[PDB]
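**Q** Sharing a structure with you now.
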Amino acid sequence: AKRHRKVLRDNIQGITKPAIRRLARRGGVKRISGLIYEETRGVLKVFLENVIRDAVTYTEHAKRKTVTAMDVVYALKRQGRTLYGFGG
Amino acid sequence: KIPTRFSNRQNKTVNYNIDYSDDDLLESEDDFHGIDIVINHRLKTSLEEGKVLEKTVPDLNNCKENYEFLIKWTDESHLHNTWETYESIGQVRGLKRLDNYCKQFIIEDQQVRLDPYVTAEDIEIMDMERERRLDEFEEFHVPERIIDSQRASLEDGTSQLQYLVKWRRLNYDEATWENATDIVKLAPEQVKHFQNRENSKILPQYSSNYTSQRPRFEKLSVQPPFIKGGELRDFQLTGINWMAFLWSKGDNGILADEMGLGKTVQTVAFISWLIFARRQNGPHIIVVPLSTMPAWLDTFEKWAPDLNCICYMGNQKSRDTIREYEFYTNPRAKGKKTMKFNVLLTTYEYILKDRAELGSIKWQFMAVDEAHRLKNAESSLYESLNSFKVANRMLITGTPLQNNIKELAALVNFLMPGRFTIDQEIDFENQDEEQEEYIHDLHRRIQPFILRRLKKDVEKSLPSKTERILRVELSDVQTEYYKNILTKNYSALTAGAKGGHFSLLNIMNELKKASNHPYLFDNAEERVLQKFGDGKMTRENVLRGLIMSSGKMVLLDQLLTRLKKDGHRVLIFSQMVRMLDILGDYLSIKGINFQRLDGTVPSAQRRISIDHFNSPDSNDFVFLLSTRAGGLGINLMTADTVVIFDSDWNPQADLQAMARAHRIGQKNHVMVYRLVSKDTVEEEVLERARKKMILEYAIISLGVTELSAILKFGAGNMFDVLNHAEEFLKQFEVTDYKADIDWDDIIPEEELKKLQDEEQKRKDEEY
Amino acid sequence: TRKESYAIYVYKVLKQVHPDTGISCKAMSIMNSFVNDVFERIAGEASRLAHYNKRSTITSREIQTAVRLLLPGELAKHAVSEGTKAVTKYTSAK
Amino acid sequence: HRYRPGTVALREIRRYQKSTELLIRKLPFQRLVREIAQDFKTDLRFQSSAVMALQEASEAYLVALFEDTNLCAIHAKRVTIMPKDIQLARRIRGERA
DNA sequence: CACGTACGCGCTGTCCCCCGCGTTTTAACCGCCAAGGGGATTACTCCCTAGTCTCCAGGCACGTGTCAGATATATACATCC
DNA sequence: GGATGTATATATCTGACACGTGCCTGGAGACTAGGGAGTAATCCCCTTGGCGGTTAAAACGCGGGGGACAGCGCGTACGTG
């Protein structure tokens with residue numbers, strides 16, 4: 001059976017275990033428990049869906065289908081997570 | 001200089017140096033013979049105790065004392081491979097490599113030997129895979145090239161002659177220091193080639209320095225003794241004379257002969273003529289694709305054995321080994337080091353990787369194979385190769401024109417920088433006399449710079465190749481998906497899908513998917529199965545659903561039955577590998593021995609599939625291809641019929657698609673069936689393809705070695721039926737073949753009994 | 001398209017404080033975003049200060065109170081000094 | 001020669017705090033952003049700089065979260081971070097509140 | 001995936017410091033002067049200054065040619081085997 | 001007699017600078033209206049220093065026992081190759 005779907009759904013597992021370990025090494029974490037990665041994936045999904053929902057709202061105010069970087073900058077700016085290096 | 005502005009803030013001084021040293025962390029830090037490759041195993045460890053206890057399975061400790069394994073060790077030369085045993089090893093590095101070898105090969109070898117559900121096809125493909133593993137491992141024993149020699153002092157051994165030896169399929173990182181005695185007792189031909197390369201008078205330092213002093217080319221009518229080889233043909237000698245005539249005026253060119261004529265032999269002969277006759281024995285660069293590169297290597301080994309041809313692949317250490325052992329005659333000198341090699345063979349990837357170490361070489365000649373890869377001026381290979389300091393370049397291809405005149409303009413700008421100024425495009429819907437004058441100017445401008453030889457002008461034994469365009473009605477599912485996509489119907493497009501993730505970006509791609517098969521879309525099979533096929537899914541209605549879901553597979557099924565009842569083998573080319581999956585599942589549930597090749601298949605299994613399909617005792621009937629894969633090095637001598645399921649935007653891709661079976665030496669009349677959906681997006685795909693074919697027949701095909709008529713033919717729109725039997729106006733006719741098989745007729749009563757018996761036998765035998 | 005930025009002014013300020021030090025494009029975009037963000041914060045605070053006092057104009061007093069509110073601590077009092085002297089020079093001149 | 005458990009982690013801590021490259025691969029992050037975006041509406045195009053800005057936002061947010069998580073784990077007399085440390089930090093910040 | 005060992009967790013002792021309660025103090029709270037200034041409105045007058053308009057000119061942005069410092073070779077004198 | 005390290009001269013990269021040019025946005029000059037500064041009146045709220053009386057809350061002392069913390073074992077889960 002060669003049947004499979006075109007749309008992939010396990011891309012939250014695309015944030016791999018050594019990526020989360022590198023993130024914690026940048027955060028200064030020495031030892032990591034085995035249950036950390038699923039919680040980190042859920043937290044990343046929640047944060048990403050919040051920012052992307054605001055960016056999509058900013059895009060469809062402008063009657064556009066393309067999410068620009070400035071919409072992401074405004075979406076991060078409204079929640080108090082202002083980002084430099086893309087505003088201009 | 002001095003800062004004119006300062007800060008009045010009394011902030012403390014902060015050391016911003018983020019550089020760190022792990023010297024204080026050395027308390028837990030640091031302050032070569034081991035098993036690397038296991039090749040073969042033997043069932044007798046020390047002596048044959050008997051043939052008893054041949055049943056059951058052995059464990060790991062049972063296999064620790066029953067088998068001896070062939071070991072290639074660390075930093076060894078594949079000639080010191082030892083037949084060892086677990087108690088004869090002890091505790092060395094790489095023991096778990098032997099453990100993994102033992103458990104993996106022994107457990108599933110005895111599993112496939114002891115299972116009852118084993119077919120003969122699986123055991124013969126694994127046996128031939130084992131034999132190919134055996135002889136590719138045995139190939140490493142043969143030397144291929146001696147790099148350097150030295151006098152090394154052993155443990156109280158005075159002085160010993162040591163040779164740096166490269167092997168056949170290994171690279172320069174695996175080159176080893178070995179004794180001279182067994183090397184000269186193994187293959188003296190490579191040794192005497194090494195001493196022939198030692199006292200070399202064909203070095204680049206002993207080169208002619210022709211500055212507008214090109215000698216007049218006498219048109220030679222015989223193969224010179226400079227090329228040993230076999231014997232050059234009349235057209236090969238004509239190409240040699242043409243290339244030497246073109247080089248005699250200091251002009252570059254394109255060898256645009258069709259594939260199969262031996263362009264590699266011609267350019268190796270021209271390289272040898274430049275080496276010997278004109279005394280231009282300097283550094284030459286040849287950039288070839290990686291897949292066809294052994295086919296260049298044996299050509300340099302056979303036709304020009306005296307040349308110092310070197311090969312350039314590998315990781316960083318192998319390329320470093322080539323760089324500081326074989327580039328320079330005097331590599332230890334700090335001054336300007338002269339070259340030692342004559343011809344350097346490389347690929348595009350190492351051009352883009354090592355442009356800094358290869359651009360600072362005064363190249364005398366350049367030969368780029370498959371020049372259509374260079375068809376884009378903005379591609380990074382164009383700036384990688386155009387910045388090289390090369391006096392004379394040459395491009396080898398088969399298709400100089402693919403899509404538009406800008407490709408030819410980029411090619412002639414790579415050849416002649418600034419001399420050619422092709423800027424105007426070709427408008428087919430203009431019919432102007434000045435456009436025909438421009439076409440004739442483009443003809444007469446590149447007459448001496450382009451040499452083409454067709455496969456019908458030479459080797460007058462080729463069977464004719466006929467292509468037929470078949471236009472078939474769409475199904476109702478295809479029609480409703482087409483009108484849902486084109487008149488966007490997101491509520492109807494989701495419908496019964498739980499996810500609802502239908503993406504209507506790339507509308508033309510979705511229209512091509514709808515024209516090919518409705519099952520390409522997500523959540524589309526179950527709507528057909530539950531509503532018309534009754535959803536039982538009992539091995540019989542699914543084949544009927546795949547047959548009747550698309551309007552192309554009814555004609556494909558009729559063609560497969562007709563070629564099954566005759567003595568023919570068929571290849572099917574597709575643009576998308578998901579349609580290849582659809583056809584592969586259809587042929588798997590049909591009961592037809594099929595083979596497949598696409599980009600996901602690695603090269604070893606591709607070689608297995610080609611050798612299994614080209615075998616004289618092959619039970620395979622149909623071979624599926626992705627269109628743009630494998631290059632031109634794929635061998636399909638046993639094929640007869642080519643079915644183009646999906647038409648490409650580039651007609652040269654389709655030309656190389658049905659040219660896989662239509663090469664030199666075919667014993668049967670090659671017939672091509674093109675499957676086209678009616679009144680869909682593929683009709684303008686064929687319009688653009690025929691416009692590009694008209695363009696190639698105008699400029700390229702009429703300038704080898706009625707223009708208004710072919711322009712009017714290209715300007716106009718185009719839009720015993722499956723018989724396997726039989727100037728540019730031909731092969732463009734549309735045969736609207738739509739027999740419209742019935743859904744009930746889609747299943748065959750004769751096959752239905754076999755399918756029901758197979759289902760009853762699978763239910764009785766469970767599994 | 002003439003795209004507005006604060007490029008040359010930040011560059012000449014950099015040449016004032018470090019005459020032999022260059023700068024990259026990403027750092028320049030970060031500096032531009034910083035200047036725009038600080039200008040937006042101070043202007044919004046001054047607009048709120050004008051709105052709470054029923055004043056329809058924005059003068060140097062609103063910007064001074066906005067600097068004293070937003071910029072924390074000693075950075076405020078030196079910034080207040082630097083601005084205040086400049087207004088004095090500009091009055092002497094215009 | 002084997003290393004003590006902990007000095008390699010300290011070496012990666014001192015290494016990854018010096019360099020500033022993105023610690024998440026580009027293509028899985030693009031696939032995750034597109035999958036998260038496609039449920040709000042279908043047919044969404046993305047600029048490369050938008051996905052990059054989302055990437056550095058996720059980097060900064062998750063690195064700050066692991067600093068707070070490490071402080072929670074150190075406060076609980078541990079050197080191993082746990083999901084209870086993560087949920088404790090988010091609450092004191094107000095994300096779970 | 002295999003190994004191995006460090007650390008999270010459970011248990012026990014111990015001592016110490018916080019909690020509960022009773023008793024004594026004490027200041028918060030509410031209600032009082034005693035006059036005087038600060039500040040919110042209402043109304044009025046005046047005048048300075050910022051918006052608005054017209055016109056012009058040079059600052060900024062882009063593009064391009066050159067130019068001085070940094071880098072990579074070309075050839076000649078001194079030197080080892 | 002062959003091979004090797006150092007020294008001045010020329011071609012190429014490379015960011016910075018002089019010149020050119022457009023154009024558009026900021027500046028100069030004049031005019032006007034209105035926003036804000038200033039004045040006076042009226043009345044309520046706040047300030048600083050006192051007083052008297054209630055009384056509930058705060059302060060203090062002491063027993064004791066519950067909980068924080070240290071030590072030890074263990075086994076497993078995570079680090080490492």
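Ligands are numbered from 1 in the order shown, chains are lettered A, B, ... in the order of the structure tokens, and residues start at 1 in each chain.
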Tell me the residues of chain F close to chain C, meaning within 12 Å using only C-alpha atoms (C1' of nucleotides), as a ChimeraX atom specification.
**A** /F:15-16,23-25,34-36
**Q** When the cut-off is 12 Å and we count only C-alpha atoms, which residues of chain D are near chain B, given as a PyMOL selection string?
**A** chain D and resi 1-20+34-45
**Q** Mind listing as a PyMOL selection string which residues of chain B are within 7 Å of chain A, counting only C-alpha atoms?
**A** chain B and resi 522+581+585
**Q** If DSSP is run on the backbone, what residues of region 42-86 of chain A are alpha helix (DSSP H)? A reply as an MDAnalysis selection string would be ideal.
**A** chainID A and resid 42:61 69:78
**Q** Using the selection just defined, write its residues with N, CA, C and O atoms as a compact mmCIF listing (two decimals), in the first residue's frame.
**A**
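The result, written out as again.txt:
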# COMPACT_ATOMS: atom_id res chain seq x y z
N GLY A 42 4.03 21.80 23.05
CA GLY A 42 2.72 22.39 23.29
C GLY A 42 2.78 23.89 23.55
O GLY A 42 1.94 24.65 23.05
N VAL A 43 3.79 24.33 24.31
CA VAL A 43 3.98 25.76 24.58
C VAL A 43 4.32 26.51 23.30
O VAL A 43 3.77 27.60 23.04
N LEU A 44 5.19 25.94 22.47
CA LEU A 44 5.53 26.54 21.18
C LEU A 44 4.32 26.61 20.26
O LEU A 44 4.14 27.61 19.56
N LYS A 45 3.48 25.57 20.27
CA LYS A 45 2.26 25.59 19.46
C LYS A 45 1.29 26.67 19.91
O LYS A 45 0.70 27.36 19.08
N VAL A 46 1.14 26.86 21.23
CA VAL A 46 0.23 27.87 21.76
C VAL A 46 0.73 29.28 21.41
O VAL A 46 -0.04 30.13 20.93
N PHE A 47 2.03 29.53 21.62
CA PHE A 47 2.61 30.83 21.30
C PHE A 47 2.54 31.13 19.81
O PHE A 47 2.18 32.25 19.40
N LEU A 48 2.84 30.13 18.97
CA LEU A 48 2.80 30.31 17.53
C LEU A 48 1.39 30.54 17.03
O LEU A 48 1.18 31.37 16.14
N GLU A 49 0.39 29.84 17.59
CA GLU A 49 -0.97 30.05 17.10
C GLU A 49 -1.52 31.40 17.54
O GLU A 49 -2.26 32.03 16.78
N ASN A 50 -1.09 31.90 18.71
CA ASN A 50 -1.47 33.25 19.12
C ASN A 50 -0.89 34.31 18.19
O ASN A 50 -1.62 35.18 17.69
N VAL A 51 0.42 34.22 17.91
CA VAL A 51 1.07 35.23 17.07
C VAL A 51 0.56 35.15 15.63
O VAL A 51 0.30 36.17 14.99
N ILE A 52 0.38 33.93 15.11
CA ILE A 52 -0.07 33.75 13.73
C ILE A 52 -1.53 34.17 13.56
O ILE A 52 -1.89 34.73 12.52
N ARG A 53 -2.38 33.96 14.57
CA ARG A 53 -3.76 34.43 14.49
C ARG A 53 -3.82 35.95 14.42
O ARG A 53 -4.58 36.52 13.62
N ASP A 54 -3.00 36.63 15.23
CA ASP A 54 -2.96 38.09 15.17
C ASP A 54 -2.38 38.59 13.84
O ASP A 54 -2.86 39.58 13.29
N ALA A 55 -1.37 37.89 13.31
CA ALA A 55 -0.79 38.27 12.02
C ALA A 55 -1.78 38.07 10.88
O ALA A 55 -1.81 38.87 9.94
N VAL A 56 -2.59 37.01 10.94
CA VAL A 56 -3.60 36.76 9.92
C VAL A 56 -4.70 37.81 9.98
O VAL A 56 -5.20 38.28 8.95
N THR A 57 -5.07 38.24 11.20
CA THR A 57 -6.03 39.33 11.35
C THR A 57 -5.48 40.64 10.78
O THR A 57 -6.20 41.38 10.09
N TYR A 58 -4.20 40.93 11.05
CA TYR A 58 -3.54 42.10 10.48
C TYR A 58 -3.46 42.02 8.96
O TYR A 58 -3.55 43.05 8.28
N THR A 59 -3.27 40.82 8.41
CA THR A 59 -3.20 40.65 6.96
C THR A 59 -4.56 40.87 6.31
O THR A 59 -4.67 41.59 5.31
N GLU A 60 -5.62 40.28 6.87
CA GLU A 60 -6.95 40.43 6.28
C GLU A 60 -7.61 41.76 6.60
O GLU A 60 -8.67 42.04 6.04
N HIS A 61 -7.04 42.58 7.48
CA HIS A 61 -7.45 43.98 7.45
C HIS A 61 -6.99 44.66 6.17
O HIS A 61 -7.69 45.53 5.64
N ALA A 69 6.26 40.36 6.75
CA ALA A 69 7.01 40.40 8.00
C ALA A 69 6.54 41.53 8.90
O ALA A 69 6.66 41.44 10.13
N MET A 70 6.00 42.60 8.31
CA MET A 70 5.55 43.73 9.10
C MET A 70 4.30 43.38 9.90
O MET A 70 4.12 43.88 11.02
N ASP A 71 3.45 42.51 9.35
CA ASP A 71 2.29 42.01 10.09
C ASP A 71 2.71 41.18 11.30
O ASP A 71 2.10 41.28 12.37
N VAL A 72 3.76 40.37 11.14
CA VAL A 72 4.31 39.61 12.26
C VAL A 72 4.91 40.54 13.30
O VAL A 72 4.77 40.31 14.51
N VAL A 73 5.57 41.61 12.85
CA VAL A 73 6.13 42.61 13.76
C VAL A 73 5.03 43.30 14.56
O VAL A 73 5.14 43.46 15.78
N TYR A 74 3.92 43.66 13.90
CA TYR A 74 2.80 44.30 14.59
C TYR A 74 2.11 43.33 15.55
O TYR A 74 1.70 43.73 16.65
N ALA A 75 1.98 42.07 15.15
CA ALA A 75 1.36 41.05 16.00
C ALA A 75 2.19 40.80 17.25
O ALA A 75 1.65 40.60 18.34
N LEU A 76 3.52 40.79 17.11
CA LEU A 76 4.38 40.67 18.28
C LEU A 76 4.37 41.95 19.11
O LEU A 76 4.54 41.90 20.33
N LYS A 77 4.17 43.10 18.45
CA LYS A 77 4.19 44.38 19.16
C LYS A 77 2.96 44.56 20.03
O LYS A 77 3.04 45.16 21.10
N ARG A 78 1.81 44.03 19.59
CA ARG A 78 0.58 44.25 20.35
C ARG A 78 0.59 43.47 21.66
O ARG A 78 0.11 43.97 22.69
**Q** Could the residues of chain E within 12 Å of chain D, counting only C-alpha atoms (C1' of nucleotides), be given as a PyMOL selection string, please?
**A** chain E and resi 3-9
**Q** Would you mind writing down, as a PyMOL selection string, each residue of region 193-404 of chain B that DSSP on the backbone assigns to strand (DSSP E)?
**A** chain B and resi 253-255+284-287+309-311+343-346+363-369+390-396
**Q** Since we have the selection now, will you write its residues out, keeping N, CA and C atoms, as an mmCIF file, in the first residue's frame?
**A**
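Output saved as out09.cif:
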data_model
loop_
_atom_site.group_PDB
_atom_site.id
_atom_site.type_symbol
_atom_site.label_atom_id
_atom_site.label_comp_id
_atom_site.auth_asym_id
_atom_site.auth_seq_id
_atom_site.Cartn_x
_atom_site.Cartn_y
_atom_site.Cartn_z
ATOM 1 N N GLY B 253 32.726 26.431 -29.266
ATOM 2 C CA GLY B 253 31.619 25.786 -29.942
ATOM 3 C C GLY B 253 30.844 24.820 -29.073
ATOM 4 N N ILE B 254 29.790 24.276 -29.676
ATOM 5 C CA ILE B 254 28.886 23.331 -29.035
ATOM 6 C C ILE B 254 28.850 22.065 -29.879
ATOM 7 N N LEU B 255 29.218 20.942 -29.270
ATOM 8 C CA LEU B 255 29.028 19.624 -29.872
ATOM 9 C C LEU B 255 27.629 19.165 -29.492
ATOM 10 N N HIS B 284 43.834 21.131 -18.469
ATOM 11 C CA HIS B 284 42.507 21.159 -19.056
ATOM 12 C C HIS B 284 41.473 20.775 -18.006
ATOM 13 N N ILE B 285 40.306 21.408 -18.087
ATOM 14 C CA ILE B 285 39.224 21.204 -17.131
ATOM 15 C C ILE B 285 38.016 20.632 -17.865
ATOM 16 N N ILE B 286 37.450 19.554 -17.321
ATOM 17 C CA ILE B 286 36.237 18.953 -17.863
ATOM 18 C C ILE B 286 35.242 18.794 -16.723
ATOM 19 N N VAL B 287 34.063 19.390 -16.884
ATOM 20 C CA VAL B 287 33.006 19.369 -15.881
ATOM 21 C C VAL B 287 31.872 18.502 -16.410
ATOM 22 N N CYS B 309 45.122 12.012 -16.713
ATOM 23 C CA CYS B 309 43.769 12.369 -16.312
ATOM 24 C C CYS B 309 43.562 12.063 -14.834
ATOM 25 N N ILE B 310 43.032 13.039 -14.101
ATOM 26 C CA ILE B 310 42.748 12.891 -12.682
ATOM 27 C C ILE B 310 41.263 13.133 -12.456
ATOM 28 N N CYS B 311 40.771 12.615 -11.336
ATOM 29 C CA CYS B 311 39.353 12.604 -11.011
ATOM 30 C C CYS B 311 39.143 13.337 -9.692
ATOM 31 N N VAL B 343 44.466 16.604 -17.562
ATOM 32 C CA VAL B 343 43.012 16.702 -17.600
ATOM 33 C C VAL B 343 42.496 16.505 -16.183
ATOM 34 N N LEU B 344 41.621 17.403 -15.735
ATOM 35 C CA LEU B 344 40.977 17.276 -14.433
ATOM 36 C C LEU B 344 39.485 17.099 -14.687
ATOM 37 N N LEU B 345 38.947 15.959 -14.262
ATOM 38 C CA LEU B 345 37.526 15.676 -14.357
ATOM 39 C C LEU B 345 36.860 16.044 -13.038
ATOM 40 N N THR B 346 35.764 16.797 -13.113
ATOM 41 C CA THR B 346 35.060 17.230 -11.912
ATOM 42 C C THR B 346 33.574 17.353 -12.219
ATOM 43 N N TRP B 363 43.880 27.641 -17.095
ATOM 44 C CA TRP B 363 43.373 26.546 -17.909
ATOM 45 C C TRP B 363 43.582 26.832 -19.389
ATOM 46 N N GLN B 364 43.908 25.784 -20.143
ATOM 47 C CA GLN B 364 44.050 25.894 -21.588
ATOM 48 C C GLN B 364 42.799 25.478 -22.344
ATOM 49 N N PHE B 365 42.087 24.457 -21.871
ATOM 50 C CA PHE B 365 40.856 24.028 -22.515
ATOM 51 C C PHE B 365 39.818 23.673 -21.461
ATOM 52 N N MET B 366 38.552 23.858 -21.829
ATOM 53 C CA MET B 366 37.427 23.611 -20.939
ATOM 54 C C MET B 366 36.347 22.865 -21.702
ATOM 55 N N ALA B 367 35.813 21.810 -21.096
ATOM 56 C CA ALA B 367 34.764 21.004 -21.714
ATOM 57 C C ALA B 367 33.657 20.784 -20.694
ATOM 58 N N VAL B 368 32.482 21.349 -20.951
ATOM 59 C CA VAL B 368 31.352 21.242 -20.034
ATOM 60 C C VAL B 368 30.316 20.328 -20.671
ATOM 61 N N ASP B 369 30.103 19.161 -20.071
ATOM 62 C CA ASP B 369 29.082 18.240 -20.541
ATOM 63 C C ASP B 369 27.719 18.639 -19.983
ATOM 64 N N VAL B 390 39.992 30.961 -18.744
ATOM 65 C CA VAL B 390 40.059 29.886 -19.728
ATOM 66 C C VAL B 390 40.195 30.500 -21.115
ATOM 67 N N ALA B 391 41.194 30.038 -21.872
ATOM 68 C CA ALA B 391 41.367 30.505 -23.244
ATOM 69 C C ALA B 391 40.290 29.949 -24.170
ATOM 70 N N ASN B 392 40.023 28.644 -24.094
ATOM 71 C CA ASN B 392 39.142 27.978 -25.046
ATOM 72 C C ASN B 392 38.145 27.087 -24.319
ATOM 73 N N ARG B 393 36.861 27.282 -24.611
ATOM 74 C CA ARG B 393 35.779 26.534 -23.991
ATOM 75 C C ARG B 393 35.035 25.718 -25.041
ATOM 76 N N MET B 394 34.276 24.732 -24.568
ATOM 77 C CA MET B 394 33.482 23.884 -25.444
ATOM 78 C C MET B 394 32.332 23.297 -24.638
ATOM 79 N N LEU B 395 31.141 23.296 -25.231
ATOM 80 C CA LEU B 395 29.934 22.832 -24.562
ATOM 81 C C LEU B 395 29.393 21.598 -25.268
ATOM 82 N N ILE B 396 29.150 20.535 -24.508
ATOM 83 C CA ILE B 396 28.601 19.289 -25.028
ATOM 84 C C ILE B 396 27.178 19.150 -24.513
#
**Q** Sort by chain and increasing residue number a table of all residues of chain E within 12 Å of chain C, each with its closest pair of atoms and their distance in Å to one decimal, counting only C-alpha atoms (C1' of nucleotides), and write it as a Markdown table.
**A**
| residue | atom | partner | partner_atom | distance |
| --- | --- | --- | --- | --- |
| E:49 | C1' | C:57 | CA | 11.2 |
| E:50 | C1' | C:57 | CA | 9.4 |
| E:51 | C1' | C:57 | CA | 11.8 |
| E:59 | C1' | C:8 | CA | 11.3 |
| E:60 | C1' | C:8 | CA | 9.1 |
| E:61 | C1' | C:2 | CA | 7.1 |
| E:62 | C1' | C:2 | CA | 9.7 |
**Q** Between CA of residue 301 (chain B) and CA of residue 241 (chain B), what is the distance in Å, rounded to a tenth?
**A**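 Answer for the CA of residue 301 (chain B) to CA of residue 241 (chain B) separation: 23.0 Å.
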**Q** Residues within 8 Å of residue 90 (chain D), please, as a PyMOL selection string. Count only C-alpha atoms (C1' of nucleotides); anything in the same chain fewer than 5 positions from it doesn't count.
**A** chain D and resi 65+95-96
**Q** Could you dump the residues just selected with N, CA, C and O atoms as a PDB file, in the first residue's frame?
**A**
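Final file, result31.pdb:
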ATOM      1  N   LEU D  65      11.943  31.258  28.488  1.00  0.00           N
ATOM      2  CA  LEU D  65      11.192  30.266  29.247  1.00  0.00           C
ATOM      3  C   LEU D  65      12.100  29.222  29.886  1.00  0.00           C
ATOM      4  O   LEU D  65      11.860  28.826  31.028  1.00  0.00           O
ATOM      5  N   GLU D  95       0.793  33.544  31.965  1.00  0.00           N
ATOM      6  CA  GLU D  95       0.317  32.855  30.772  1.00  0.00           C
ATOM      7  C   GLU D  95      -0.732  31.802  31.106  1.00  0.00           C
ATOM      8  O   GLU D  95      -1.706  31.642  30.363  1.00  0.00           O
ATOM      9  N   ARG D  96      -0.551  31.076  32.209  1.00  0.00           N
ATOM     10  CA  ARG D  96      -1.539  30.102  32.656  1.00  0.00           C
ATOM     11  C   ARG D  96      -2.607  30.726  33.547  1.00  0.00           C
ATOM     12  O   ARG D  96      -3.603  30.070  33.868  1.00  0.00           O
TER      13      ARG D  96
END
**Q** Can you tell me how far CA of residue 36 (chain C) sits from CA of residue 82 (chain A), in Å to one decimal?
**A** 12.1 Å
**Q** For CA of residue 694 (chain B) and CA of residue 737 (chain B), quote the distance in Å rounded to one decimal.
**A** 25.1 Å
**Q** Using only C-alpha atoms (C1' of nucleotides) for the distances, tell me which of A:19, A:24, A:12, A:32 is nearest to chain F.
**A**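 Of the candidates, the smallest distance to chain F is held by A:32.
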**Q** Taking only C-alpha atoms into account, which residues of chain A are within 9 Å of chain C, as number ranges by chain?
**A** A: 83-88
**Q** Identify which of the residues E:67, E:72, E:28, E:78 lies closest to chain B, counting only C-alpha atoms (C1' of nucleotides) when measuring atom-to-atom distances.
**A**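 Counting only C-alpha atoms (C1' of nucleotides), the residue closest to chain B is E:72.
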**Q** Which residue gives the smallest distance to chain F among B:230, B:215, B:294, B:335, with only C-alpha atoms (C1' of nucleotides) counted?
**A**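 The shortest atom-to-atom distance to chain F comes from B:335.
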